[PDB]
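Below is one structure, written out as structure tokens, with a few remarks after it.
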Amino acid sequence: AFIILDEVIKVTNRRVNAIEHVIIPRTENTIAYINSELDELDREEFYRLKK
Amino acid sequence: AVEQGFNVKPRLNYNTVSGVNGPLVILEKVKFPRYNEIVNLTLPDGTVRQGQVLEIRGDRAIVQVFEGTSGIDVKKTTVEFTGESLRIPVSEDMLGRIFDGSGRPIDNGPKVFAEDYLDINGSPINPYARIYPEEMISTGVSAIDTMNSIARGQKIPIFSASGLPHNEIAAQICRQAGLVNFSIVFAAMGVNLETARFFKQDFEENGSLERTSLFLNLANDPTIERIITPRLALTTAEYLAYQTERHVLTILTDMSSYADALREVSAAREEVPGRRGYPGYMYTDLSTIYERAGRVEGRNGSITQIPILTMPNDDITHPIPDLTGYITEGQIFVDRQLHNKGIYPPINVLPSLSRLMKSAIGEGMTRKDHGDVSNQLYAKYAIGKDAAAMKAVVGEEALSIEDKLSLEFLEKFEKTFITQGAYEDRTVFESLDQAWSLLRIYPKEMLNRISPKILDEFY
Amino acid sequence: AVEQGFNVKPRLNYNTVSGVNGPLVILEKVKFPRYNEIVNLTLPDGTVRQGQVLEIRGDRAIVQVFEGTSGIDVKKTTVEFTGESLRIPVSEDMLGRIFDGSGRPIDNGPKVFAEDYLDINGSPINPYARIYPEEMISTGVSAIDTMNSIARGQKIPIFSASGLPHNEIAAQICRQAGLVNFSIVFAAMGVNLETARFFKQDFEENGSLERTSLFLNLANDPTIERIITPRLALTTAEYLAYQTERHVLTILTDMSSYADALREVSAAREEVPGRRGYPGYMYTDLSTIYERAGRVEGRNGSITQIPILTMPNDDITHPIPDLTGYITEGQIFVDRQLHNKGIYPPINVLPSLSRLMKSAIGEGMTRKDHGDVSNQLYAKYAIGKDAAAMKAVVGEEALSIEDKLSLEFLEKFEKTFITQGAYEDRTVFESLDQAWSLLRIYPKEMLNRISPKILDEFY
Amino acid sequence: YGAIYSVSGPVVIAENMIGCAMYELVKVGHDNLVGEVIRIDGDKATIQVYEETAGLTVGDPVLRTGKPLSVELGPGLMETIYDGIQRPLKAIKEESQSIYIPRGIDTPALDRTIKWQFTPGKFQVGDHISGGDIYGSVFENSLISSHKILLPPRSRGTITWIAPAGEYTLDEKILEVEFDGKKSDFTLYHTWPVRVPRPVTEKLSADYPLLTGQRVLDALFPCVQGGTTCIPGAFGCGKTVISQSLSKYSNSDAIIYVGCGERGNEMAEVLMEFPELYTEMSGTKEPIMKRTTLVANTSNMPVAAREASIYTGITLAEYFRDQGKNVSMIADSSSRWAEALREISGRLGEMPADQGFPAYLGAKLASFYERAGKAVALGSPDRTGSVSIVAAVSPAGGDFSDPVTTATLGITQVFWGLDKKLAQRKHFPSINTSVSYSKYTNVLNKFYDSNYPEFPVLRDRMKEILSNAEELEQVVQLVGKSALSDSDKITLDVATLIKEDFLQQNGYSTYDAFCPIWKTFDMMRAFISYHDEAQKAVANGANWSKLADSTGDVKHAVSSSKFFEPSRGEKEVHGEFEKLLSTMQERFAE
Ligand SMILES: Nc1ncnc2c1ncn2[C@@H]1O[C@H](COP(=O)(O)OP(=O)(O)O)[C@@H](O)[C@H]1O
Ligand SMILES: [Mg+2]
């Protein structure tokens with residue numbers, strides 16, 4: 001039971017560290033890039049309407 | 001007082017109509033076109049249509065006639081200028097009547113017998129004369145009246161999605177609102193006709209109409225009338241509260257519909273749209289509409305506000321929710337998950353808060369345990385949500401005692417406390433008693449946010 | 001008796017040119033200008049370029065020059081008004097001919113001996129005079145013949161991207177697009193010489209030059225003729241299919257390039273733009289092009305459009321693929337991810353769709369199991385993609401037995417069923433048998449989408 | 001008699017036209033192309049031509065008709081196909097004898113050669129008649145056995161002469177109304193502007209439900225006879241299939257299938273499929289095309305016709321409501337109506353507001369949707385009609401943030417949101433259960449208590465089960481489904497079964513094309529009873545794995561409940577589900 005719990009805890013801690021360090025910066029950067037891209041599209045539409 | 005009204009002002013009838021573009025009617029050779037002047041066009045078929053001028057030039061006015069321009073002819077269309085912007089005949093007897101988007105009564109009763117003609121735009125309240133909201137308005141909604149308190153004179157909006165029963169919650173609040181005199185002023189803009197008749201029969205058959213000046217604006221009703229409606233409700237509220245010394249608690253419905261109406265009014269004047277198509281000055285317009293509420297030092301009345309929004313795509317980053325959150329203090333959220341899980345009201349307390357709650361939940365007003373009970377309930381609801389998420393992760397057995405009890409509290413909270421009948425009225429004291437009844441499943445040591453004296457006296 | 005009239009109509013030579021903005025030539029003193037009228041711009045050099053009138057004022061007539069405005073002056077440029085819209089000389093002899101983007105032959109042959117002149121814009125085919133396409137085209141591609149069926153009279157584009165083998169897939173369909181022979185009208189709009197030579201070689205090897213017509217508007221050709229090419233090709237296809245009772249398989253390529261030509265013309269006209277600067281009427285123009293395909297009552301011919309659309313950034317939300325998928329009757333989706341994996345044809349079956357599959361894949365037309373097998377393959381491929389995502393994110397050991405079986409199904413579906421290679425020629429029945437071999441991995445209990453009778457009969 | 005001064009595409013600008021009115025139909029060109037004046041900038045008058053402007057020169061005559069866009073309401077429109085305006089496509093094909101539509105053809109919207117049987121109503125000569133009153137009953141079809149000849153609204157007076165019972169055409173006068181001195185004459189048909197809502201005495205609250213047939217709709221997100229619904233979703237997703245399902249199998253007594261911005265082959269499929277299907281609403285089974293009208297406007301027709309077809313369909317539905325028939329109009333591609341509006345606004349030059357759409361998009365959509373609702377038609381005798389507006393929306397890119405989607409979502413009461421992910425997996429009807437909603441459940445509690453008392457409780461239970469299972473599935477995706485609770489696994493399995501055998505039905509399969517209200521209620525009760533039995537048995541102590549192994553037969557029976565054929569009638573189908581409950585209860589003992 002101790003060995004199985006050690007393996008499970010190692011896998012879970014690796015999963016938490018992976019989730020945070022990889023995914024959360026990755027998804028946050030994707031959100032920022034998407035917001036920037038739609039902001040650029042809105043700015044282009046605004047410029048066309050101003051013209 | 002109002003004695004200069006005994007003056008007959010002749011009205012100029014301009015046959016000259018230069019152009020008719022979209023919803024606008026462009027006149028020509030006008031004498032002295034006042035901005036925002038109300039205009040009564042006379043179609044060749046004989047129908048009369050109200051209008052409001054949008055852009056002014058040298059002997060040229062652009063009239064934005066209501067009900068569209070279908071039938072407007074250049075050759076034969078008399079245009080009558082009323083040398084005054086839109087004004088409503090306010091009275092103390094308009095409590096108990098239903099008015100249209102343009103202020104015309106749509107009741108079986110007569111036109112309201114005026115006491116004064118107030119400009120719908122109104123004047124800004126002097127900040128030196130403004131007063132911090134102090135007392136509570138008791139609402140039948142136990143979730144609101146306990147966890148997100150409404151103080152007399154604040155602006156607390158309700159954020160909802162399209163399908164959530166925000167209109168039903170509005171009707172419930174209008175029916176059960178009261179002091180813990182009162183006179184609700186209800187304004188619905190861009191509302192579906194089924195919801196409008198629902199408001200009609202609800203207020204007529206529950207006795208709430210003797211205290212409500214209902215302002216219904218249909219979706220098919222004119223969009224400029226949709227613009228005018230919240231101004232009408234706030235002007236009536238200003239009259240009642242400040243020139244009558246009573247509390248109002250206006251409930252504006254479909255601020256999203258009002259924002260769309262503002263969009264159409266702005267784009268009709270050849271103006272570029274702002275961020276999400278909405279006009280850039282939407283912040284200023286919403287600020288006027290909202291900050292038209294509040295308490296004053298000289299008068300004993302108050303104007304509370306519950307502008308009920310409809311968040312498109314359930315996005316808080318949407319301009320209308322963002323600007324409303326900026327201008328107003330606090331917010332009440334209606335949750336799609338809660339609506340799917342159960343029944344009225346689908347209000348979740350985790351994202352919903354009231355900024356001036358501490359003033360409403362005091363010692364002399366309501367009960368001295370209100371703040372502690374509400375904070376404890378919020379904390380234990382958060383812990384219950386965490387435990388509900390954690391059960392499927394770590395198994396039900398492995399949860400601690402403080403997590404199993406918190407899950408039981410969450411069940412009895414989303415199923416008995418928040419869950420309220422659409423017609424049942426819960427006073428603030430009864431709601432606090434029920435909150436204690438839920439909180440008594442814990443050991444006296446578990447309740448940490450509550451003060452020891454309150455725990456000893458109430459638990 | 002066919003009635004054709006001899007008549008000579010003199011044409012005014014307007015020397016007055018008052019603007020050569022971009023690809024648009026603006027005349028000044030036109031007498032009774034005619035909208036959508038062909039004009040000939042005799043350049044000072046001597047060469048004449050066709051033009052089309054896009055807008056007429058009281059005296060102005062804005063003309064878009066198909067061959068470009070390079071070299072156009074004001075003093076010595078004379079515009080000759082032909083007085084009629086563009087009418088391509090159509091004949092049954094056009095089969096085997098290679099034409100330019102403007103309909104002028106480039107196959108070192110004579111001008112087509114006209115049997116009739118037909119308006120390029122055509123007319124809307126009467127919805128009451130249409131026939132629902134029910135005969136299924138047994139394209140050799142398994143990913144199409146199964147799970148997205150093509151009928152005679154369908155408008156099913158190929159949504160691809162830059163570098164993907166859309167040309168190869170369309171050429172494969174053209175080689176093997178028999179029933180369960182097809183004349184081909186191939187329209188090239190701004191494709192490169194590599195693609196044009198590939199298609200010409202593709203047709204010559206398969207013997208299609210005996211019954212094909214090509215309208216090659218290469219990338220070197222002027223960009224405005226990309227507007228005129230698809231209309232020419234489709235009116236030729238309409239002539240053949242209806243007035244000759246042939247079975248035309250129209251293959252438009254670079255509809256994205258056609259839409260870019262529209263944007264270039266729309267931007268020059270300074271019209272109010274839609275999404276990404278594309279004209280607000282691009283939906284109407286694309287619909288006019290696409291909806292010229294289908295079966296007609298009484299006539300024994302049909303048009304089967306397969307417009308090769310290349311999505312600019314592999315994003316189906318782009319206006320061109322969005323409107324094309326909204327207008328047409330389906331789409332064949334070519335996946336960059338599958339191409340990177342090395343699967344040919346890289347047809348991503350999930351985004352792909354055939355709205356006529358429901359009527360063309362019934363009993364009698366094909367085997368009784370076609371619809372059930374297609375639905376089951378779709379469901380299991382979606383489950384496979386979800387299981388692949390789960391394996392990528394969560395650990396592989398956490399995947400269930402069903403998840404592992406579905407991963408194996410995805411592997412053998414992509415690497416054995418979709419992978420076909422050119423010249424393979426899978427019959428519909430053979431493709432269905434291979435699909436059943438794929439579905440025999442699962443126990444009969446797991447196959448939910450298969451009806452019990454078909455499951456008993458074929459498993 | 002004006003003259004074109006500019007064309008610039010579909011929007012001609014005719015000059016020297018004084019006295020014009022907005023939305024007045026002028027006859028542009030020598031071919032008498034119809035139009036609609038939409039800007040009067042002095043002498044000039046911008047006109048949106050409903051036909052293909054190609055050849056119109058500067059100097060061609062434009063003449064003002066003297067009437068807004070009016071449909072020819074009356075007997076003769078119950079199986080015909082109409083263009084964006086109101087032009088019989090069958091008559092056009094039979095007259096021009098061409099596969100195309102001739103440019104500027106002038107064919108009457110109603111067939112004036114058909115002799116219609118007429119039978120006068122209770123009104124007699126000398127009686128005072130009011131607008132909307134009934135003064136006849138024309139036998140049109142087997143299904144439409146009495147087409148009431150309504151007196152036109154806004155036209156009243158004293159009846160001076162009425163025609164006796166006999167066979168009359170659509171041009172023979174039938175009624176002479178004295179009115180205020182001027183003796184008008186009323187024939188069988190009567191025109192009415194399409195942008196002016198037809199008058200009603202008083203609208204009511206729609207109570208009886210519109211049985212869509214689809215289990216997801218009719219169970220979780222019901223609609224009422226008179227409600228406004230939307231089905232937004234990207235291309236695909238089954239918007240058109242749901243529309244045709246409600247067109248074929250519905251409780252409505254009449255239907256107007258508007259097809260603005262729709263493929264021609266969609267209308268061809270409707271015309272080929274509808275005559276095959278039959279309904280027993282009348283005494284005997286009769287074809288669908290005897291109660292279905294198609295305002296078919298293909299996507300290649302001018303955008304002005306796309307704009308006009310929505311109003312033409314809604315006013316036809318309003319007419320059949322005024323007759324007292326429960327109509328359910330099904331608009332197709334309301335987003336394409338909005339796209340036509342956007343194109344027209346762009347050609348005019350008006351400033352777009354939201355994502356290129358015009359600013360008045362919300363106002364136009366509200367004006368169109370508000371025409372719905374149960375209402376008592378004005379005039380005697382009293383009779384109740386309904387116009388259910390089942391309009392399909394196709395947002396660009398499949399995002400529900402589109403301006404047309406947002407406006408329609410705010411205006412309507414029901415929302416059958418579709419998901420591209422479910423559509424591509426062929427999980428039709430592909431209803432996005434999380435986002436979809438219905439505001440008519442509160443009203444429908446009364447009908448449910450009358451007919452199927454347990455229906456609201458079962459629907460709420462299934463919604464709660466689906467939401468709980470969605471949360472549990474999110475947690476499973478997060479945490480690898482490690483040591484999931486037995487009850488949690490039960491809810492996950494039950495919800496997967498519900499999604500795969502109750503919310504997934506092939507609308508084209510013979511057995512699941514139409515799931516009636518009784519069959520879907522029995523299936524709901526069977527699913528809920530299975531879930532409750534599993535919950536109770538596991539709470540007793542039974543392991544879920546062994547329980548599933550033992551009750552796989554019952555689970556397969558509940559799955560095959562979707563394969564149960566509704567054609568056997570209520571008596572046979574209800575008895576079959578009675579055995580399923582008995583079998584499910586039997587497994588509880590074991
Ligand atoms: N309820 C359903 N049953 C069976 N097939 C369906 C169903 N709904 C949609 N489909 C399939 O989806 C395909 C296209 O759907 P359709 O309704 O044409 O999309 P759109 O709404 O974009 O027109 C059709 O070929 C049809 O087979
Ligand atoms: Mg469709």
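Letters for chains follow the order of the structure tokens (A, B, ...), residue numbers begin at 1 for each chain, and ligand numbers begin at 1 in the order shown.
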
*Dump the neighbourhood of ligand 2 as a ChimeraX atom specification: all residues within 9 Å, distances computed on only C-alpha atoms and all ligand atoms.*
/C:326-327 /D:235-236,238-241,243,259,261-263,266,332-333,392,394

_as number ranges by chain, could you give me every residue of chain D near chain B (at most 6 Å apart, counting only C-alpha atoms)?_
D: 19-22, 39-42, 353-354, 359-360, 366-367, 401, 410, 437, 464, 483-484

I need the chosen residues saved as a CSV table (one decimal), in the first residue's frame, with C-alpha atoms.
chain,number,residue,atom,x,y,z
D,19,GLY,CA,-44.8,62.7,-53.9
D,20,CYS,CA,-43.0,59.4,-53.3
D,21,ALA,CA,-43.5,57.6,-50.0
D,22,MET,CA,-41.1,55.2,-48.2
D,39,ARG,CA,-34.8,56.9,-49.5
D,40,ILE,CA,-36.4,60.1,-50.9
D,41,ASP,CA,-33.7,62.7,-51.1
D,42,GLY,CA,-35.8,65.4,-52.6
D,353,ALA,CA,-23.4,49.2,-36.1
D,354,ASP,CA,-22.5,45.6,-35.0
D,359,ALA,CA,-28.2,49.5,-36.5
D,360,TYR,CA,-31.9,48.8,-36.9
D,366,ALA,CA,-38.5,42.6,-33.0
D,367,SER,CA,-41.1,43.9,-35.4
D,401,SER,CA,-22.0,36.3,-30.2
D,410,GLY,CA,-33.2,38.7,-26.6
D,437,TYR,CA,-33.7,27.0,-22.8
D,464,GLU,CA,-30.8,18.1,-13.1
D,483,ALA,CA,-12.2,6.3,-7.4
D,484,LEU,CA,-15.4,7.8,-8.6

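For chain B and chain C, which have identical sequences, superposing all Cα atoms of the second on the first gives an RMSD of 2.2 Å.
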
_For the helix (DSSP H, G or I) assignment from backbone DSSP, which residues of region 319-382 of chain B qualify? Please present them as a PyMOL selection string._
chain B and resi 319-327+336-341+357-360+370-382

For a quick test of understanding: name the residues of chain A lying within 10 Å of chain C when counting only C-alpha atoms, and present them as a PDB file with N, CA, C and O atoms, in the first residue's frame.
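After the write, selection.pdb holds the following:
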ATOM      1  N   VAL A  11       2.803  10.504  -9.297  1.00  0.00           N
ATOM      2  CA  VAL A  11       2.090  10.788 -10.541  1.00  0.00           C
ATOM      3  C   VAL A  11       1.213  12.021 -10.384  1.00  0.00           C
ATOM      4  O   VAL A  11       1.161  12.881 -11.272  1.00  0.00           O
ATOM      5  N   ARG A  15       1.504  15.581 -12.228  1.00  0.00           N
ATOM      6  CA  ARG A  15       0.371  16.114 -12.978  1.00  0.00           C
ATOM      7  C   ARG A  15       0.051  17.547 -12.567  1.00  0.00           C
ATOM      8  O   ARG A  15      -0.247  18.382 -13.423  1.00  0.00           O
ATOM      9  N   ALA A  18       2.852  19.785 -13.966  1.00  0.00           N
ATOM     10  CA  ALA A  18       2.667  19.919 -15.404  1.00  0.00           C
ATOM     11  C   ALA A  18       1.503  20.844 -15.716  1.00  0.00           C
ATOM     12  O   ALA A  18       1.655  21.811 -16.468  1.00  0.00           O
ATOM     13  N   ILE A  19       0.337  20.580 -15.118  1.00  0.00           N
ATOM     14  CA  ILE A  19      -0.841  21.412 -15.349  1.00  0.00           C
ATOM     15  C   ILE A  19      -0.489  22.875 -15.150  1.00  0.00           C
ATOM     16  O   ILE A  19      -0.565  23.676 -16.085  1.00  0.00           O
ATOM     17  N   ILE A  23       0.355  24.213 -18.756  1.00  0.00           N
ATOM     18  CA  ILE A  23      -0.950  24.573 -19.293  1.00  0.00           C
ATOM     19  C   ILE A  23      -1.295  26.021 -18.965  1.00  0.00           C
ATOM     20  O   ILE A  23      -1.705  26.781 -19.849  1.00  0.00           O
ATOM     21  N   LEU A  41      -8.506  42.958 -35.316  1.00  0.00           N
ATOM     22  CA  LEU A  41      -9.607  42.908 -36.277  1.00  0.00           C
ATOM     23  C   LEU A  41     -10.607  44.034 -36.031  1.00  0.00           C
ATOM     24  O   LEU A  41     -11.090  44.667 -36.979  1.00  0.00           O
ATOM     25  N   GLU A  44      -9.053  47.225 -37.328  1.00  0.00           N
ATOM     26  CA  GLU A  44      -9.130  47.311 -38.783  1.00  0.00           C
ATOM     27  C   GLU A  44     -10.539  47.672 -39.240  1.00  0.00           C
ATOM     28  O   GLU A  44     -10.715  48.498 -40.144  1.00  0.00           O
ATOM     29  N   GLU A  45     -11.555  47.066 -38.621  1.00  0.00           N
ATOM     30  CA  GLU A  45     -12.932  47.416 -38.958  1.00  0.00           C
ATOM     31  C   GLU A  45     -13.224  48.872 -38.623  1.00  0.00           C
ATOM     32  O   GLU A  45     -13.900  49.573 -39.387  1.00  0.00           O
ATOM     33  N   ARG A  48     -11.661  51.034 -41.295  1.00  0.00           N
ATOM     34  CA  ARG A  48     -12.449  50.996 -42.524  1.00  0.00           C
ATOM     35  C   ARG A  48     -13.706  51.846 -42.394  1.00  0.00           C
ATOM     36  O   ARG A  48     -14.070  52.578 -43.322  1.00  0.00           O
ATOM     37  N   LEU A  49     -14.375  51.777 -41.242  1.00  0.00           N
ATOM     38  CA  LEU A  49     -15.566  52.595 -41.038  1.00  0.00           C
ATOM     39  C   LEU A  49     -15.219  54.077 -40.972  1.00  0.00           C
ATOM     40  O   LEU A  49     -15.992  54.920 -41.438  1.00  0.00           O
ATOM     41  N   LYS A  51     -12.738  55.480 -42.626  1.00  0.00           N
ATOM     42  CA  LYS A  51     -12.516  55.863 -44.018  1.00  0.00           C
ATOM     43  C   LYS A  51     -13.838  56.031 -44.757  1.00  0.00           C
ATOM     44  O   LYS A  51     -13.992  56.948 -45.574  1.00  0.00           O
TER      45      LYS A  51
END

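Separating CA of residue 35 (chain C) from CA of residue 54 (chain C) is a distance of 6.6 Å.
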
*Do you know which residues are within 8 Å of ligand 1 using only C-alpha atoms and all ligand atoms? Can you write them as JSON, numbers by chain?*
{"C": [326, 329, 330, 353, 354, 355, 356, 357, 358], "D": [214, 233, 234, 235, 236, 237, 238, 239, 240, 241, 242, 243, 245, 392, 394, 423, 426, 428, 429, 430, 504, 505, 506, 507, 508, 509, 513]}

Per-residue nearest contacts of chain D to chain A (9 Å; only C-alpha atoms) as JSON lines:
{"residue": "D:351", "atom": "CA", "partner": "A:49", "partner_atom": "CA", "distance": 7.7}
{"residue": "D:352", "atom": "CA", "partner": "A:49", "partner_atom": "CA", "distance": 8.2}
{"residue": "D:355", "atom": "CA", "partner": "A:45", "partner_atom": "CA", "distance": 8.6}
{"residue": "D:356", "atom": "CA", "partner": "A:45", "partner_atom": "CA", "distance": 8.8}

Keeping N, CA and C atoms, export the residues of the selection given above as a compact mmCIF listing (two decimals), in the first residue's frame.
# COMPACT_ATOMS: atom_id res chain seq x y z
N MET D 351 -24.30 53.72 -41.96
CA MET D 351 -23.20 53.25 -41.13
C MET D 351 -23.58 51.94 -40.44
N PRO D 352 -22.83 50.86 -40.63
CA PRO D 352 -23.10 49.64 -39.88
C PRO D 352 -22.81 49.84 -38.40
N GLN D 355 -20.78 44.36 -36.14
CA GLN D 355 -20.22 43.33 -37.03
C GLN D 355 -20.71 43.50 -38.46
N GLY D 356 -20.87 44.76 -38.88
CA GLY D 356 -21.31 45.07 -40.22
C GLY D 356 -22.81 45.14 -40.40

Test item: residues at most 10 Å from residue 155 (chain D), only C-alpha atoms, excluding those fewer than 4 positions along its chain, as a PDB file with N, CA, C and O atoms, in the first residue's frame:
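Now in selection38.pdb:
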ATOM      1  N   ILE D 129     -71.449  44.983 -40.724  1.00  0.00           N
ATOM      2  CA  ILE D 129     -70.267  44.130 -40.731  1.00  0.00           C
ATOM      3  C   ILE D 129     -69.050  44.966 -40.361  1.00  0.00           C
ATOM      4  O   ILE D 129     -68.945  46.141 -40.737  1.00  0.00           O
ATOM      5  N   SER D 130     -68.142  44.370 -39.594  1.00  0.00           N
ATOM      6  CA  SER D 130     -66.919  45.024 -39.157  1.00  0.00           C
ATOM      7  C   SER D 130     -65.721  44.299 -39.748  1.00  0.00           C
ATOM      8  O   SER D 130     -65.807  43.114 -40.082  1.00  0.00           O
ATOM      9  N   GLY D 131     -64.609  45.019 -39.884  1.00  0.00           N
ATOM     10  CA  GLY D 131     -63.401  44.444 -40.439  1.00  0.00           C
ATOM     11  C   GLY D 131     -62.940  43.210 -39.695  1.00  0.00           C
ATOM     12  O   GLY D 131     -62.896  43.203 -38.463  1.00  0.00           O
ATOM     13  N   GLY D 132     -62.601  42.156 -40.433  1.00  0.00           N
ATOM     14  CA  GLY D 132     -62.215  40.895 -39.847  1.00  0.00           C
ATOM     15  C   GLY D 132     -63.347  39.909 -39.655  1.00  0.00           C
ATOM     16  O   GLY D 132     -63.088  38.748 -39.320  1.00  0.00           O
ATOM     17  N   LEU D 151     -63.649  39.595 -44.060  1.00  0.00           N
ATOM     18  CA  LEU D 151     -63.733  40.973 -44.510  1.00  0.00           C
ATOM     19  C   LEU D 151     -62.422  41.687 -44.191  1.00  0.00           C
ATOM     20  O   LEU D 151     -61.897  41.547 -43.083  1.00  0.00           O
ATOM     21  N   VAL D 177     -70.353  46.448 -49.628  1.00  0.00           N
ATOM     22  CA  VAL D 177     -70.426  47.098 -48.325  1.00  0.00           C
ATOM     23  C   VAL D 177     -70.760  48.568 -48.539  1.00  0.00           C
ATOM     24  O   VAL D 177     -70.058  49.272 -49.274  1.00  0.00           O
ATOM     25  N   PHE D 179     -70.653  51.088 -46.365  1.00  0.00           N
ATOM     26  CA  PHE D 179     -69.646  51.935 -45.711  1.00  0.00           C
ATOM     27  C   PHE D 179     -70.257  53.319 -45.478  1.00  0.00           C
ATOM     28  O   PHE D 179     -71.478  53.456 -45.330  1.00  0.00           O
ATOM     29  N   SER D 184     -68.387  50.142 -51.484  1.00  0.00           N
ATOM     30  CA  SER D 184     -67.258  49.350 -51.944  1.00  0.00           C
ATOM     31  C   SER D 184     -67.709  47.934 -52.292  1.00  0.00           C
ATOM     32  O   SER D 184     -68.785  47.479 -51.896  1.00  0.00           O
ATOM     33  N   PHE D 186     -66.260  43.875 -52.362  1.00  0.00           N
ATOM     34  CA  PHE D 186     -65.247  42.960 -51.857  1.00  0.00           C
ATOM     35  C   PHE D 186     -65.363  41.622 -52.570  1.00  0.00           C
ATOM     36  O   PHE D 186     -66.441  41.021 -52.600  1.00  0.00           O
TER      37      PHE D 186
END

*asked:* Would you pick out the contacts of residue 136 (chain B) at 7 Å or less, using only C-alpha atoms, so that residues sharing its chain but fewer than 4 positions from it are not included, and give the list as a PyMOL selection string?
replied: chain B and resi 150-152+179-180+360-361

Could the residues in this selection be written to a file with C-alpha atoms, as a CSV table (one decimal), in the first residue's frame?
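And here's again-v6.csv as it stands now:
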chain,number,residue,atom,x,y,z
B,150,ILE,CA,-29.7,46.3,-1.1
B,151,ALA,CA,-29.2,49.6,0.7
B,152,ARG,CA,-31.6,52.5,0.3
B,179,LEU,CA,-39.0,48.5,4.0
B,180,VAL,CA,-37.5,46.2,6.7
B,360,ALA,CA,-27.6,48.0,5.0
B,361,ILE,CA,-26.8,45.1,7.4

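Note that CA of residue 210 (chain B) and CA of residue 95 (chain B) are 6.3 Å apart.
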
*as a PyMOL selection string, list the residues of region 273-321 of chain C assigned to strand (DSSP E or B) by DSSP on the backbone atoms of this structure.*
chain C and resi 273+279+295-296+302-303+305+308-310

Grab the residues selected above and save them as an mmCIF file, in the first residue's frame with C-alpha atoms.
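See part_18.cif below for the written result:
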data_model
loop_
_atom_site.group_PDB
_atom_site.id
_atom_site.type_symbol
_atom_site.label_atom_id
_atom_site.label_comp_id
_atom_site.auth_asym_id
_atom_site.auth_seq_id
_atom_site.Cartn_x
_atom_site.Cartn_y
_atom_site.Cartn_z
ATOM 1 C CA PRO C 273 -17.001 46.582 -46.692
ATOM 2 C CA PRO C 279 -17.865 43.213 -50.183
ATOM 3 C CA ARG C 295 -30.879 19.000 -62.001
ATOM 4 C CA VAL C 296 -33.818 20.576 -63.834
ATOM 5 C CA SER C 302 -27.103 18.014 -64.627
ATOM 6 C CA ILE C 303 -24.306 20.194 -63.254
ATOM 7 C CA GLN C 305 -20.012 21.796 -59.035
ATOM 8 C CA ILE C 308 -11.891 24.103 -54.999
ATOM 9 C CA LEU C 309 -11.873 26.611 -52.152
ATOM 10 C CA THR C 310 -8.563 27.198 -50.362
#
